[PDB]
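Asker: First the structure, then my questions, so here it is.
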Ligand SMILES: Nc1nc2c(ncn2[C@@H]2O[C@H](COP(=O)(O)OP(=O)(O)O)[C@@H](O)[C@H]2O)c(=O)[nH]1
Ligand SMILES: [Mg+2]
């Protein structure tokens, strides 16, 4: 029915993220129905588990007349880091909360940096605690500082919606301040475009298995990740080996002959021309010229602490783990930042990875770092080199 959008509040400690998350739920419920959530209920965030990594995060849900929002608010800076790198749902947009009394702070910069790194596509800013500021020239100064900050990290600072308000006075009931929270909900709907449906994205099928039907040819199996493959359409086999071009000669679902295969369907794609021996672990079927194979990439990664089931010892320059992209582990070489000799468990770093085999890759692709068969960390492709 109504579109679902994943948002969240980012910004420095005590700028007003939780108060704002409360005010959003409260004002939207007071204006056009729903259940209002108190500050206390969002503040003491429960602990969530993302494959062994522990993250304190509050998941609040609210509705505007057209959209349904799944909103994340975390207590500490460490949770934001973990959540942006491996968190359950990738943000479609973010609300950057900036206290007009403090202006941009170290975590303001960090969240903006991580946001682009991790591929958060839209940022709306709520200039909080304006009830405390009597100087209009001061508000303009903070606003200009925030727009400069966003532009520094490739966000369109000059075109970013900035709402001047007070999250506390709005949670309190003050109509004049409650208007500004409605203006913010308006920007969520107008500035963040409708999220792209999996079925409307270019066709991609990560290859889970290969078989060869007698007389029909090679069958490649998997769950259609995105788009639609119709019988007769041209396809590319991208991964370890040099990219191959073929044609979908059939689509099968447990004996049922389909004319097409859509996103979320477990399907068997027939390829006339391709031989079984040409298909390798980690290959992908995709709409020709929509994905490129790469070996070298820049990534933002988090290494599990011993407590999270990860290693107890640090790793060094010579570390060569397995990178689990979609279907298989691929061994990679690591380049640590200038001056970094070792990486401790529980740390996050910028890692330049060189895979032994190319992998169909785009910025924003998430992966797992495994040493045995055990997860030692998680990452996101920031830049494809
Ligand atoms: N003056 C003023 N203080 C506010 C406002 N919103 C929140 N605060 C207060 O600032 C403190 C920090 O708020 P909080 O949401 O917990 O910050 P967070 O850690 O960034 O989420 C709390 O004691 C709030 O009541 C506001 O609009 N104006
Ligand atoms: Mg908070």
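Numbering (UniProt numbering), first residue to last: 9 to 393.
All residues carry an ideal CB built from backbone N, CA and C; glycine is no exception.
(1) Find the nearest neighbour of residue 298 within the set 251, 314, 305 and 275, judged by alpha-carbon distance.
(2) Considering only heavy atoms of ligand 2, list every residue whose Cβ is less than 5 Å from one of them, following chain order.
(3) Once you ignore the five residues that flank residue 384 on each side, which residues in its own chain have a CB closer than 7 Å to its CB?
(4) Please identify the residue among 80, 113, 105 and 104 whose C-alpha is closest to the C-alpha of residue 97.
(5) How many Å lie between residue 360 and residue 346 at the Cα?
(6) Report the option in 388, 188 and 83 whose CA atom is closest to the CA atom of residue 36.
(7) Identify which residue in 45, 42, 237 and 219 has its Cα closest to the Cα of residue 286.
(8) With respect to the beta strand (DSSP E) encompassing residue 356, which residues constitute its N-terminal and C-terminal limits?
(9) Quick check: is any heavy atom of ligand 1 less than 7 Å from the C-beta of residue 188?
(10) In whole angstroms, give me the CA-to-CA distance for residue 211 and residue 67.
(11) Please list, in chain order, all residues of the same chain as residue 236 whose beta carbon is under 8 Å from its beta carbon, the five residues on each side excluded.
(12) Please report the straight-line C-alpha distance between residue 99 and residue 111, rounded to a whole angstrom.
(13) Below 7 Å, is the gap between the Cβ of residue 175 and the nearest heavy atom of ligand 1?
(14) Just to confirm, is the Cβ distance from residue 125 to residue 273 under 8 Å?
(15) Rounded C-beta distance between residue 265 and residue 258? I'm assuming under 8 Å.
(16) Quick one: is residue 198 buried, meaning 16 or more other Cβ sit within 10 Å of its Cβ, or exposed?
(17) Measuring alpha carbon to alpha carbon, tell me which of 178, 295, 163 and 116 ends up nearest residue 44.
(18) Considering Cα atoms alone, identify which of 242, 202, 92 and 143 is closest to residue 6.
(19) Hey, is residue 113 close to ligand 1, as in C-beta under 7 Å from one of its heavy atoms?
(20) Hey, would you say the C-beta of residue 136 is under 7 Å away from at least one heavy atom of ligand 1?
(21) Answer yes or no: the CB of residue 80 versus the heavy atoms of ligand 1, is any distance below 7 Å?
(22) Excluding five sequence neighbours on each side, which residues of the same chain lie with their C-beta closer than 7 Å to the C-beta of residue 332?
Answerer: By the coordinates alone:
(1) For residue 298, the nearest C-alpha among the options comes from 251.
(2) Chain-ordered list of matching residues: 25 and 26.
(3) Correct list, in chain order: 311, 312, 318, 319, 329, 377 and 378.
(4) Nearest C-alpha to residue 97: 80.
(5) Distance between the alpha carbons of residue 360 and residue 346 is about 11 Å.
(6) Of the listed residues, the one whose Cα sits closest to residue 36 is 188.
(7) Checking every option, the nearest Cα to that of residue 286 belongs to 219.
(8) 356-369 is the span of the beta strand (DSSP E), which, as asked, contains residue 356.
(9) Not under cutoff, so the answer is no.
(10) Looking at the two C-alpha atoms, the distance is approximately 31 Å.
(11) Once the five neighbours on either side are set aside, the close Cβ partners of residue 236 are 207, 211, 268, 269, 270 and 271.
(12) Roughly 24 Å between the two C-alpha positions.
(13) Correct: residue 175 has its Cβ closer than 7 Å to ligand 1.
(14) The criterion of a C-beta distance shorter than 8 Å is not satisfied by residue 125 and residue 273.
(15) With a Cβ gap of about 7 Å, residue 265 and residue 258 count as contacting.
(16) When all chains shown are included, residue 198 counts as exposed.
(17) Checked all of 178, 295, 163 and 116; the closest Cα to residue 44 is 178.
(18) Since the first and last residues shown for the chain are 9 and 393, residue 6 lies out of range.
(19) Every heavy atom of ligand 1 is 7 Å or more from the Cβ of residue 113, so no.
(20) Checking every heavy atom of ligand 1 against the Cβ of residue 136, one is found closer than 7 Å.
(21) No.
(22) Around residue 332: 375, 376 and 378.
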